[PDB]
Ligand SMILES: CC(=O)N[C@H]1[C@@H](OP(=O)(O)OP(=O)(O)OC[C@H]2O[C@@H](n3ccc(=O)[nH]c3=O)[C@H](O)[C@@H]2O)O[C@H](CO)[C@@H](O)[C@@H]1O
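Only one chain is given next, in structure tokens, and it is the form solved without the ligand.
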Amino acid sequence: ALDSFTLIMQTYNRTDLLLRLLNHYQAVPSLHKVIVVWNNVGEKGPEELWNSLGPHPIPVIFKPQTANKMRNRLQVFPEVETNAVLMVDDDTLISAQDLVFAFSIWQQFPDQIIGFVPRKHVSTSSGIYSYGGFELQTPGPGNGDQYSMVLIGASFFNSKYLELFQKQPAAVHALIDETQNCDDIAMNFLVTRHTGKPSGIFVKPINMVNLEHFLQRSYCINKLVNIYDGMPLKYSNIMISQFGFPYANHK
């Protein structure tokens, strides 16, 4: 458990999907345990089915949820024993190769969000911020582009941040529930304020496949700026790839 991570996955109305993903993820090296946030209330959990198709490499804990909230996966689950958490949306398939590499990167930067989906905030009028990706002009006056966030939906991060998230101003808790989204934007804020460093590091995926309420995202950023009284997100243009994978990719 000291050299592994816990996969936390939230699902709703995607069962045949969930099981397919699980078949994949259960086999990834260094995976210590899986927690399946069962968001389909008043519905029979797929746990009986999962067990019927056993044995499985690791324990899988299915957890029925009170309501159908987004920040539910951001809860502090007592069954998480690892220092690293791997959060993946129930519609995303990330290769073992990518996970093994990204986890090894997270181990060297334990206090940052190591992930495959980078995003950023921009400003063209003082004090007002907007949410976007590479379709938006870069902030810095220099070359390339910048990112100030790494979405948690496909990332590795310290489990302590989930506990830290619970201690955030209620104002933030409201916002999350009010928009039924924006969690990762709140997490990126949290992490960067805690570390004084860019909230995350972008690890370019070699094989990630998908089987955002942009406007609300922007809205959330400005709201959050009030709450935290400022914009703490730090830009970064660091993109990490695995040396020699694919072969000769260094030249």
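Numbering starts at 1 and runs along the sequence shown.
In what follows, reference is made to the form deposited with the ligand bound, a form of this protein that is not presented.
By the criterion of a heavy atom within 4.5 Å, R217 is counted among the residues contacting the ligand in the bound PDB entry.
Not displayed here, the ligand is kept clear of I206 by more than 4.5 Å at the level of heavy atoms in the bound PDB entry. Using a 4.5 Å cutoff between non-hydrogen atoms, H121 does not count as a contact of the ligand in the bound PDB entry. The closest non-hydrogen atom of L175 lies beyond 4.5 Å of the ligand in the bound PDB entry. Among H32, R193, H213, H56, the residue placing a heavy atom within 4.5 Å of the ligand in the bound PDB entry is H213. From the list 158-166, 105-113, 69-77, 139-147, the contact stretch for the ligand in the bound PDB entry under a 4.5 Å heavy atom rule is 69-77. Applying a 4.5 Å heavy atom cutoff to the ligand in the bound PDB entry picks out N39 as the lone residue from 19-58.
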